[PDB]
Amino acid sequence: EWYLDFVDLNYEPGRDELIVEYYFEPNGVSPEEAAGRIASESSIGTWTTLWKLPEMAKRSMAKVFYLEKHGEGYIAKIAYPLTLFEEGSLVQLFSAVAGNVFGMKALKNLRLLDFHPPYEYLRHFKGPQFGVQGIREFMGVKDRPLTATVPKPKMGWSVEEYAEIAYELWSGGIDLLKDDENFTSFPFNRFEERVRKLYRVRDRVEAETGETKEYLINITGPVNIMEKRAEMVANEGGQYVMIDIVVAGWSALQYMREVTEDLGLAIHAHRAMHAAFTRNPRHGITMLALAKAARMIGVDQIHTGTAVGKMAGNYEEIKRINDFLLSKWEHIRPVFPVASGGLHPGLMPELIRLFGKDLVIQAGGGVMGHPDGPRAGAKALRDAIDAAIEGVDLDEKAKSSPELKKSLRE
Amino acid sequence: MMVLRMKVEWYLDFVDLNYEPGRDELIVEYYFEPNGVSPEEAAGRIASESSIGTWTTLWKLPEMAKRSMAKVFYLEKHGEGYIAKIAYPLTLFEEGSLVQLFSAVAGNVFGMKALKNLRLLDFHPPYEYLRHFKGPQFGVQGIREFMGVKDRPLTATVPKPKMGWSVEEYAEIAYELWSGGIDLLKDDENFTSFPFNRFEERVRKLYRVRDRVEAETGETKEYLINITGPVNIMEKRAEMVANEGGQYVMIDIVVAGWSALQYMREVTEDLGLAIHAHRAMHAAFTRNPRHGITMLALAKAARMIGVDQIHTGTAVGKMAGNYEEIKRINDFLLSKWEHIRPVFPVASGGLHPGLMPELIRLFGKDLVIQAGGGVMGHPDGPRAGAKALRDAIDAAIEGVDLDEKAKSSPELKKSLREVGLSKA
Amino acid sequence: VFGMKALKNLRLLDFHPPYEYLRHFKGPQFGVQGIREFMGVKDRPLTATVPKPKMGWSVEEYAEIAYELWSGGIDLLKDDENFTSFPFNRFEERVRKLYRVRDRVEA
C-alpha cells in the first residue's frame, strides 16, 4: 500500500474527525507524496504483506484533504477518524500526530501548526479547573491584570532569606510570588520547609494589607514527588502550583490535572525548554499547538511572550496565542496568558493597550531593581497598572506615587 | 551615614576561560551562534540563565548565590558558530531529579533572543550527581540472561499495518512472528488501548500465546508492549504486564516526558520489568544540527534514569542516518560508565535479512534489531520472514555467506531473490 | 552514673534480672538449636567468611566470590560491618543476585 491512498483533496471531513495542520518541505519526493507519508505515518502506516489485513485499519486511515503551496513549502490539512485515538489520552494523540513524522527522511522540515479536536474528542478533557474567572474570584481581583514576580537572583535563597524577600514583594503590592523554573528543592531550601514558612508569611501579609496573596510554587519533579508537593501546598492553604510542563511532560501533566482537581489547586504552566522545538518556523511544534494541548488538559495560566521596547517576540504570533487562550471553546474555561520578559512600570500602558487586562504580568527584574528596593518596585508596578486601567498619563500619576516616579527616571 | 551596596551581576562575569573545573562539577557542552552580541556575551547568557541569572538590586544577596554560578571555561569557533563548555556546581541541582537538571540546562536558554541558535551537545555528570541514579535495572547482560540469548543480536517486529488490529487478529500475527523465530513482538508507538483492542484484554491474550510459543519452540519470547499514557494509567498497565508474566514494557519516553519516566523507573524496579524506550517526537528537537538537544544527550539522560534499550537509528540505503553520529550514540550506550549498566541500541528503519551482515559488521552483536516490513513482507508470510531474519543473523555471526546459507534455508533464499526483483 | 565527678572510674560488670523482669523478653528466636536445624548442621561448628577486601565490590564481583566461598564449603557468607548499600552495590540488587547464587550452590 502507497502514500497516495492517504490523499484525497476533494474529501470533506465530518464534524467527528480530528484535523491537524502541518507545514512541510519535501525532500526528493512530490508535495503530494510527502503529505501522504505524513498521513500514513500518523495513522495506519503501510501494509502489503500476504497477511490478513485487520478489519479496523481501513476505517482508521488519515486523509490529506487540503494541500497548497506556502512560502518555501506547503501546508497540508489532514483528517483523522477517532478510531485512531485513545480518548482522553493527549499523550497518545501526540504519539500519533507529533511523533515519528518529524523524523521522516522524505521531508526536509515538518511543523505541526494547529489541531482541531471534534466534540467527541474534546468532551473527554475538562479544561482548566478555575481559568480566568476562577482565579479572579479566589484572588479577589475583578478587573486589572495580576502581578507576579520571580526574585532575583533566581537561585540560592535559604528558606529564611526567601521568606524575607517574599514579605517585601507581597507587602509592596505583588499578587503572586513566583519561583524560578530551576528553583525546586535544595539542602538549603527544602520544599516542605519552604511551604511551612512561606504560607505563614503569605497569611501575615494578607492580614496586614487586606489583599489576597498567592504563590506560584514550583512543584516540578518526578511525578510522585510533584504529587506529594502539591499535597503539601494544599494542606498549607495554597491555591496554586507551578509546573514546568515541557520539561516534566505530557504524561505527568495529565495526571497532575487529576491531582489538582482533588486538591483545589490552579496550575501555572511554565514553558521552559519549549523553544527547543517551537522557535524554528520550518520545523517542530508551534507554541499555539502547545498552548491548545495545555489548555485542553487544563492549565489555568501559561507563559506566551511579550512586546517590549528592549525585549519583544512576534506580536502577531503572541496575540494569536493569547486570543486562542481567552476564546470561547465549548466547556473549556479560558486561560490567563502570562506576560514576562524585561517588563517594568513604564511598559504597562502599552502592554495593556495591546494585550488587554486579562494577563498575569511577571516583572521581577524591574521590581527587584527599583532604586528604593523591591517593596517600592512592587508598588511602582501596581501604581503604573492602575494608571493604565484608568487612562491616566504615567507622569500625572507620578505626582502621587513616588515609587512609580523613581521608576520612570530610568 | 549609611552606605548601601547595589549588587550587579552581568553576562561576562560568567565567562572565565582560565577556570579549571573540579571533578565534582557538572559540565554541559553547547553549540551556539550569537545574534547581535559577542560570542563571549552569548556564552555568558547561557551560563547565566542556566544558573543564577543576572540582576541589579539593593536587596541582600542570598549567601549561596555566589556558590551557585555557572562558569564558561571553554569557548572556541566551530563551523558557523561556537562551542562553549560550561561548569556547574552541584549546589544548583536537586539531586536525583533529571527533570530539574534539564529545567536548568535545557530550559529558557533555547528561547534567548541574543542567540540565533542553541544546541545542547552533551553533559558530563560528576560522581556525586550520577550516584543518585540507578541506571538500567537489566541492561544488556540482564536482558540477555532472561531472554536466554548469549551472543547474537535480538530480533523484534512491529506488525504491519501498525493500527487497527483486534485482540484476536493481533494474537494470530503474534503467533506467526514468534513461532518463526522473532524474539520480541513490538507494539507501534501509536498503539495503546482502543475499544477494539483494550489493553487489559490484549495482555491476557497475548501472554497466553507467548507462553504457548515458548512451550512449542523451547525459546524465550517477549513483548515490548506499549504502556504509554497518563502516568497513573502507565503504572496500572505495567502492573498488569508483570502480573501476566511479562518482563518488558515499552514507553514512548519523549511524548510521555522525563517526569513520568523517572517515576516509571521506580515502578519497574518493583515489578522486575525492563524498559524499551521508543523515541517518537525526538526529531522535533534532535534533527536540526544548529538547534535543540542531540540524540546523544537524550540517550545519556535515558540511560542514567535507566531505560534498558533505546532506538538510535541505522545504516541502510533505505534509512541511512549519519554513520558517525549513530556510532557515537551506540558506543556511549554500551560504554562502561561507573555503576550504570550498558543499554541495548535498537536498530530500525527498513531492515531485512540481506542487510544483516553489514549491520552487524558496522554496529556489533549487541543490538536489538527491529525488522518490520522485511518480516511482514516476506513472500511466504510473516512466519517465513522471521525465519529468514534469524537465519541471516546466524550466518552473519558465523561468517557464512548469505547465498551459502540460503541453500539450507528456503526462507532466506526467497527473501534474497525478492530484493533483487524489487531493486531498480 | 558514668559521668559523676565523685567517681574517677565506673564499670558496669554484670546485671541479674529477676524472673518477673526477664519473662517480658523472648530471647533468641532460633539460638543454637534453631540455627543448627535450619542449616542442617548437627555437631560441627559453622563457618563464615567476609570477603577481602572489605569494600568496593560490585554485585557481579560479589556474586563471583560468594560462589567460590560457598562452593568450597563455607556455610555462611558474611558482609563486612561497613558494607551496607552503595551506588555500585545496591542492597536490593545484591539480594536478588546473591540468593540466586546461594540456591544454585545448594543445588
# chains A, B, ... in the order shown; residues from 1 in each chain; ligands from 1
call {"tool": "select_by_dssp", "arguments": {"residues": "range 12-226 of chain A", "states": "strand (DSSP E)", "output": "VMD selection string"}}
result
chain A and resid 17 to 26 63 to 70 73 to 81 107 to 116 146 to 149 176 to 178 214 to 216
call {"tool": "residues_around", "arguments": {"residues": "range 270-279 of chain A", "least_positions_apart": "3", "cutoff": "8 Å", "atoms": "only C-alpha atoms", "output": "VMD selection string"}}
result
(chain A and resid 181 242 to 247 283 to 287 302 to 303) or (chain B and resid 103 106 to 111 284 to 285 291 to 293)
call {"tool": "write_last_selection", "arguments": {"atoms": "N, CA, C and O atoms", "output": "JSON list (two decimals), in the first residue's frame"}}
result
[["chain", "number", "residue", "atom", "x", "y", "z"],
["A", 181, "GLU", "N", 11.89, 28.69, 37.33],
["A", 181, "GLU", "CA", 11.77, 27.31, 36.81],
["A", 181, "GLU", "C", 12.82, 26.29, 37.34],
["A", 181, "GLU", "O", 12.53, 25.09, 37.42],
["A", 242, "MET", "N", 2.95, 25.55, 40.40],
["A", 242, "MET", "CA", 3.67, 25.82, 39.16],
["A", 242, "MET", "C", 4.30, 24.53, 38.71],
["A", 242, "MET", "O", 4.89, 23.80, 39.53],
["A", 243, "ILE", "N", 4.16, 24.22, 37.42],
["A", 243, "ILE", "CA", 4.78, 23.01, 36.83],
["A", 243, "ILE", "C", 5.48, 23.46, 35.54],
["A", 243, "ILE", "O", 4.87, 24.16, 34.73],
["A", 244, "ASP", "N", 6.74, 23.04, 35.36],
["A", 244, "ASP", "CA", 7.48, 23.24, 34.13],
["A", 244, "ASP", "C", 6.91, 22.16, 33.21],
["A", 244, "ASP", "O", 7.38, 21.04, 33.22],
["A", 245, "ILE", "N", 5.86, 22.48, 32.44],
["A", 245, "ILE", "CA", 5.12, 21.41, 31.71],
["A", 245, "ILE", "C", 5.85, 20.72, 30.56],
["A", 245, "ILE", "O", 5.65, 19.49, 30.32],
["A", 246, "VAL", "N", 6.76, 21.43, 29.93],
["A", 246, "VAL", "CA", 7.52, 20.81, 28.82],
["A", 246, "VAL", "C", 8.68, 19.92, 29.31],
["A", 246, "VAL", "O", 8.92, 18.78, 28.83],
["A", 247, "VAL", "N", 9.37, 20.39, 30.34],
["A", 247, "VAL", "CA", 10.39, 19.61, 30.96],
["A", 247, "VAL", "C", 9.77, 18.35, 31.63],
["A", 247, "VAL", "O", 10.24, 17.26, 31.46],
["A", 283, "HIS", "N", 10.20, 23.91, 11.31],
["A", 283, "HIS", "CA", 10.26, 22.56, 11.93],
["A", 283, "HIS", "C", 9.92, 22.55, 13.41],
["A", 283, "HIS", "O", 10.42, 23.39, 14.14],
["A", 284, "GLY", "N", 9.11, 21.56, 13.84],
["A", 284, "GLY", "CA", 8.75, 21.35, 15.24],
["A", 284, "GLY", "C", 7.25, 21.46, 15.51],
["A", 284, "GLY", "O", 6.41, 21.11, 14.66],
["A", 285, "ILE", "N", 6.93, 21.95, 16.70],
["A", 285, "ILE", "CA", 5.55, 22.19, 17.12],
["A", 285, "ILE", "C", 5.38, 23.65, 17.49],
["A", 285, "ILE", "O", 6.19, 24.21, 18.20],
["A", 286, "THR", "N", 4.32, 24.28, 17.01],
["A", 286, "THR", "CA", 4.10, 25.69, 17.31],
["A", 286, "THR", "C", 3.69, 25.89, 18.77],
["A", 286, "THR", "O", 3.11, 25.00, 19.41],
["A", 287, "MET", "N", 3.94, 27.09, 19.27],
["A", 287, "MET", "CA", 3.53, 27.42, 20.62],
["A", 287, "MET", "C", 1.99, 27.35, 20.71],
["A", 287, "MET", "O", 1.44, 26.99, 21.77],
["A", 302, "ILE", "N", -0.61, 30.28, 31.52],
["A", 302, "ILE", "CA", 0.58, 29.86, 30.77],
["A", 302, "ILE", "C", 1.35, 31.04, 30.17],
["A", 302, "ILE", "O", 0.75, 32.02, 29.69],
["A", 303, "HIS", "N", 2.68, 30.93, 30.21],
["A", 303, "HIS", "CA", 3.57, 31.86, 29.57],
["A", 303, "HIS", "C", 3.42, 31.84, 28.04],
["A", 303, "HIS", "O", 3.43, 30.80, 27.45],
["B", 103, "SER", "N", 15.51, 21.30, 33.40],
["B", 103, "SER", "CA", 14.92, 22.63, 33.50],
["B", 103, "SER", "C", 15.99, 23.74, 33.54],
["B", 103, "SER", "O", 15.79, 24.89, 33.02],
["B", 106, "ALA", "N", 18.58, 23.02, 29.87],
["B", 106, "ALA", "CA", 17.88, 22.74, 28.63],
["B", 106, "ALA", "C", 16.52, 23.42, 28.65],
["B", 106, "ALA", "O", 15.61, 22.93, 28.02],
["B", 107, "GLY", "N", 16.42, 24.59, 29.30],
["B", 107, "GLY", "CA", 15.17, 25.27, 29.55],
["B", 107, "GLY", "C", 15.04, 26.58, 28.80],
["B", 107, "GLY", "O", 14.98, 26.59, 27.56],
["B", 108, "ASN", "N", 15.02, 27.68, 29.54],
["B", 108, "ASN", "CA", 14.84, 29.01, 28.96],
["B", 108, "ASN", "C", 15.95, 29.39, 28.02],
["B", 108, "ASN", "O", 15.79, 30.37, 27.27],
["B", 109, "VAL", "N", 17.07, 28.68, 28.06],
["B", 109, "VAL", "CA", 18.22, 29.10, 27.26],
["B", 109, "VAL", "C", 17.94, 29.07, 25.74],
["B", 109, "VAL", "O", 18.50, 29.85, 24.96],
["B", 110, "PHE", "N", 17.08, 28.15, 25.33],
["B", 110, "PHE", "CA", 16.78, 27.92, 23.93],
["B", 110, "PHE", "C", 15.96, 29.03, 23.33],
["B", 110, "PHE", "O", 15.93, 29.19, 22.10],
["B", 111, "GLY", "N", 15.29, 29.80, 24.17],
["B", 111, "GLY", "CA", 14.48, 30.90, 23.72],
["B", 111, "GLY", "C", 15.14, 32.27, 23.77],
["B", 111, "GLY", "O", 14.50, 33.23, 23.44],
["B", 284, "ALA", "N", 11.69, 16.44, 16.56],
["B", 284, "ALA", "CA", 11.25, 17.85, 16.66],
["B", 284, "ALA", "C", 12.31, 18.78, 17.24],
["B", 284, "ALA", "O", 12.37, 20.02, 16.94],
["B", 285, "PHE", "N", 13.14, 18.21, 18.11],
["B", 285, "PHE", "CA", 14.28, 18.92, 18.66],
["B", 285, "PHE", "C", 15.69, 18.31, 18.45],
["B", 285, "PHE", "O", 16.67, 18.98, 18.78],
["B", 291, "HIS", "N", 20.42, 23.58, 16.44],
["B", 291, "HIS", "CA", 19.45, 23.97, 17.47],
["B", 291, "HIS", "C", 18.66, 22.82, 18.05],
["B", 291, "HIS", "O", 18.04, 22.04, 17.29],
["B", 292, "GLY", "N", 18.62, 22.76, 19.38],
["B", 292, "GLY", "CA", 17.90, 21.72, 20.08],
["B", 292, "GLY", "C", 18.74, 20.91, 21.04],
["B", 292, "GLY", "O", 19.63, 21.41, 21.70],
["B", 293, "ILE", "N", 18.40, 19.65, 21.17],
["B", 293, "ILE", "CA", 19.13, 18.76, 22.05],
["B", 293, "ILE", "C", 19.52, 17.56, 21.21],
["B", 293, "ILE", "O", 18.70, 17.04, 20.44]]
call {"tool": "atom_distance", "arguments": {"atom1": "CA of residue 69 in chain C", "atom2": "CA of residue 107 in chain C"}}
result
15.0 Å
call {"tool": "closest_atom_pairs", "arguments": {"of": "chain B", "to": "chain C", "cutoff": "10 Å", "atoms": "only C-alpha atoms", "output": "JSON lines"}}
result
{"residue": "B:127", "atom": "CA", "partner": "C:87", "partner_atom": "CA", "distance": 9.9}
{"residue": "B:130", "atom": "CA", "partner": "C:87", "partner_atom": "CA", "distance": 8.9}
{"residue": "B:131", "atom": "CA", "partner": "C:87", "partner_atom": "CA", "distance": 5.5}
{"residue": "B:132", "atom": "CA", "partner": "C:87", "partner_atom": "CA", "distance": 7.4}
{"residue": "B:133", "atom": "CA", "partner": "C:87", "partner_atom": "CA", "distance": 8.0}
{"residue": "B:134", "atom": "CA", "partner": "C:87", "partner_atom": "CA", "distance": 7.2}
{"residue": "B:135", "atom": "CA", "partner": "C:87", "partner_atom": "CA", "distance": 9.9}
{"residue": "B:137", "atom": "CA", "partner": "C:93", "partner_atom": "CA", "distance": 8.6}
{"residue": "B:269", "atom": "CA", "partner": "C:92", "partner_atom": "CA", "distance": 9.6}
{"residue": "B:338", "atom": "CA", "partner": "C:88", "partner_atom": "CA", "distance": 7.5}
{"residue": "B:339", "atom": "CA", "partner": "C:88", "partner_atom": "CA", "distance": 4.8}
{"residue": "B:340", "atom": "CA", "partner": "C:88", "partner_atom": "CA", "distance": 8.3}
call {"tool": "residues_around", "arguments": {"residues": "residue 78 in chain C", "least_positions_apart": "4", "cutoff": "7 Å", "atoms": "only C-alpha atoms", "output": "number ranges by chain"}}
result
C: 48-50
call {"tool": "write_last_selection", "arguments": {"atoms": "N, CA and C atoms", "output": "compact mmCIF listing (two decimals), in the first residue's frame"}}
result
# COMPACT_ATOMS: atom_id res chain seq x y z
N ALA C 48 32.15 -19.22 58.45
CA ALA C 48 31.79 -17.92 57.87
C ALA C 48 32.99 -17.26 57.29
N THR C 49 32.78 -16.54 56.21
CA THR C 49 33.84 -15.74 55.64
C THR C 49 33.31 -14.39 55.17
N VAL C 50 33.99 -13.32 55.58
CA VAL C 50 33.86 -11.99 54.99
C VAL C 50 34.90 -11.89 53.87
call {"tool": "atom_distance", "arguments": {"atom1": "CA of residue 412 in chain B", "atom2": "CA of residue 309 in chain B"}}
result
27.4 Å
call {"tool": "decode", "arguments": {"residues": "range 104-174 of chain B", "atoms": "C-alpha atoms", "output": "compact mmCIF listing (two decimals), in the first residue's frame"}}
result
# COMPACT_ATOMS: atom_id res chain seq x y z
CA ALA B 104 18.22 24.41 34.23
CA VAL B 105 20.48 23.34 31.35
CA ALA B 106 17.88 22.74 28.63
CA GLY B 107 15.17 25.27 29.55
CA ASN B 108 14.84 29.01 28.96
CA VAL B 109 18.22 29.10 27.26
CA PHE B 110 16.78 27.92 23.93
CA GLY B 111 14.48 30.90 23.72
CA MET B 112 17.09 33.67 24.24
CA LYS B 113 16.73 36.43 21.65
CA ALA B 114 20.54 37.00 21.70
CA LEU B 115 21.20 33.50 20.36
CA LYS B 116 20.42 32.73 16.72
CA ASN B 117 20.61 29.03 17.51
CA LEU B 118 21.44 26.87 20.54
CA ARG B 119 22.08 23.13 20.77
CA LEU B 120 22.88 21.17 23.86
CA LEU B 121 25.52 18.70 22.66
CA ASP B 122 26.41 16.67 25.76
CA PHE B 123 26.65 16.83 29.52
CA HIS B 124 29.03 15.11 31.95
CA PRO B 125 27.66 14.41 35.46
CA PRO B 126 30.21 14.16 38.29
CA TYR B 127 30.24 11.06 40.50
CA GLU B 128 28.26 12.76 43.26
CA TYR B 129 25.48 13.64 40.76
CA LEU B 130 25.50 10.30 38.96
CA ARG B 131 25.48 8.18 42.10
CA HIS B 132 21.83 9.24 42.74
CA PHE B 133 20.79 7.45 39.53
CA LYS B 134 20.43 3.66 39.29
CA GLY B 135 20.74 3.35 35.56
CA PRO B 136 19.15 0.31 33.87
CA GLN B 137 17.83 -2.48 36.02
CA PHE B 138 18.77 -5.11 33.44
CA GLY B 139 20.80 -3.59 30.63
CA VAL B 140 22.45 -5.76 28.04
CA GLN B 141 23.50 -8.58 30.37
CA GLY B 142 20.22 -8.68 32.28
CA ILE B 143 18.14 -8.94 29.12
CA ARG B 144 20.49 -11.47 27.61
CA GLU B 145 20.10 -13.52 30.77
CA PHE B 146 16.26 -13.56 30.92
CA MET B 147 15.91 -13.97 27.16
CA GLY B 148 18.44 -16.84 27.20
CA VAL B 149 20.34 -15.32 24.27
CA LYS B 150 24.06 -15.08 24.93
CA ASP B 151 25.77 -13.68 21.82
CA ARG B 152 23.56 -12.84 18.77
CA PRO B 153 21.54 -9.63 18.43
CA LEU B 154 17.91 -9.95 19.46
CA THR B 155 15.12 -9.58 16.92
CA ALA B 156 11.92 -7.55 17.06
CA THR B 157 8.94 -6.96 14.80
CA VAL B 158 6.14 -4.36 14.83
CA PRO B 159 3.20 -5.76 12.83
CA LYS B 160 2.08 -4.03 9.62
CA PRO B 161 -0.22 -2.20 9.40
CA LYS B 162 0.59 -0.57 12.71
CA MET B 163 -3.02 0.16 13.82
CA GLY B 164 -6.48 -1.40 13.60
CA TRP B 165 -5.95 -4.88 14.98
CA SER B 166 -8.46 -6.66 17.24
CA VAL B 167 -7.15 -8.68 20.13
CA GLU B 168 -7.77 -11.90 18.21
CA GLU B 169 -6.14 -10.71 14.98
CA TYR B 170 -3.13 -9.45 16.95
CA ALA B 171 -2.85 -12.85 18.68
CA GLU B 172 -2.68 -14.54 15.27
CA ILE B 173 0.01 -12.36 13.84
CA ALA B 174 1.99 -12.62 17.09
